[PDB]
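Here we start with a single chain on its own, the form deposited in one PDB entry, put down as structure tokens.
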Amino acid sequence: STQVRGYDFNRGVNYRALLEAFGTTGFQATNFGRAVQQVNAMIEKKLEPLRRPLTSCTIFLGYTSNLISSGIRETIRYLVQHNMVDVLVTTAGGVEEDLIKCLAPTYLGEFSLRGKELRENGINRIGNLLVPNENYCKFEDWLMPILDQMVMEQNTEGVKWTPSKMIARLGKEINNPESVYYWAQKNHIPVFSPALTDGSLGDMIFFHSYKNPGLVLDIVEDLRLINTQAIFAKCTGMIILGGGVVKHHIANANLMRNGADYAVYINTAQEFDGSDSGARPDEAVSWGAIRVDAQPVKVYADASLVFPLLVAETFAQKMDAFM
């Protein structure tokens, strides 16, 4: 039986102690402390001895596209750079905006900026962030020569493209250590995104296809690829930021092994609308995506606040072991 007690600033600002005190502070601070424990359990299992080498715990990291628009892009890049996770799942924006950020920056704005004035100035709004139209022109100039080569390799070298194979290629092409997908392909970390056409990359494929028709992106082979990552794992953990396709696709892969061993959700969705996004971890227990003997954790919060704190208290403390 653990008593509720917050951090006492009469001790001064001891940041490690302040973060540890979230566990006994209550409400979502306590869930944060539980999430730290669950992620550290994943890492401790992964470091147990037994293209990418198998480890004792396969960690799936999922995130919605807007988190790549945000500075959480740097947090994810760090984990991928140091081989701390094994499989990435994101929607199409979460692919393309990592690449675009290597060509031009995203800027801070406000949620309340009016769409008319923004559109008239060629500025696209993402929450309280701003992406100029010119960023996508740069993307077009960068991407079209690659699409030309991909069609050629398909038609003359027999290549059968899927979203994950295209994402590996785009990461190699961007050739920039600030990029998540640069590090992912270098470290043989696959990236799944079954609706890769739903964004700017789709715009480009669409326009490209009228001049150079025929590109195929098969989602069936990529379903086999993600499901086998779960089926042949010794143990699995899921770390899922946000909801939607990213959350369900990781969960359903883990259903194929009768459930993940560890799971942490950070998302703002609520259960009352019946949505998969808002479903509690215990819903996933009913269908076998989380094992009955797991102790999963959900933190109800904007991941832009919580995820850097979580990484500080887990992966970043064990960096030595990942090098």
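Residues that one form lacks are left out of the comparison. The term rigid core refers to the most C-alpha atoms you can superpose between the two forms while keeping them within 1.5 Å. Start at 1 and count along the sequence shown; that's the residue number.
As for the form deposited in another entry, it is not shown, yet the points below apply to it.
Select from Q229, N252, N187, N135 the only position whose Cα moves 2 Å or more between this form and the one not shown when the core is aligned.
-> The one that moves 2 Å or more is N252.
With both forms fit on the core, is the shift of the CA atom of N40 between this form and the one not shown 2 Å or larger?
-> No, its C-alpha moves less than 2 Å.
Threshold 2 Å Cα movement between this form and the one not shown at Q295, rigid core reference = Shift at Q295: 2 Å or more after core fit.
Relative to what is shown, are the Cα atoms of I266 and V245 closer or farther apart in the other entry, where the gap shifts by 3 Å or more?
-> Pair moves closer in the other entry.
How does the C-alpha distance between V245 and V306 change in the other entry compared with the present structure, closer or farther, given a change of 3 angstroms or more?
-> Note: Cα gap between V245 and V306 shrinks in the other entry.
Shifted regions of at least three residues between this form and the one not shown, judged by C-alpha displacement of 2 Å or more after core alignment | Shifted runs of three or more residues, which all move 2 Å or more: 244 to 256, 290 to 296.
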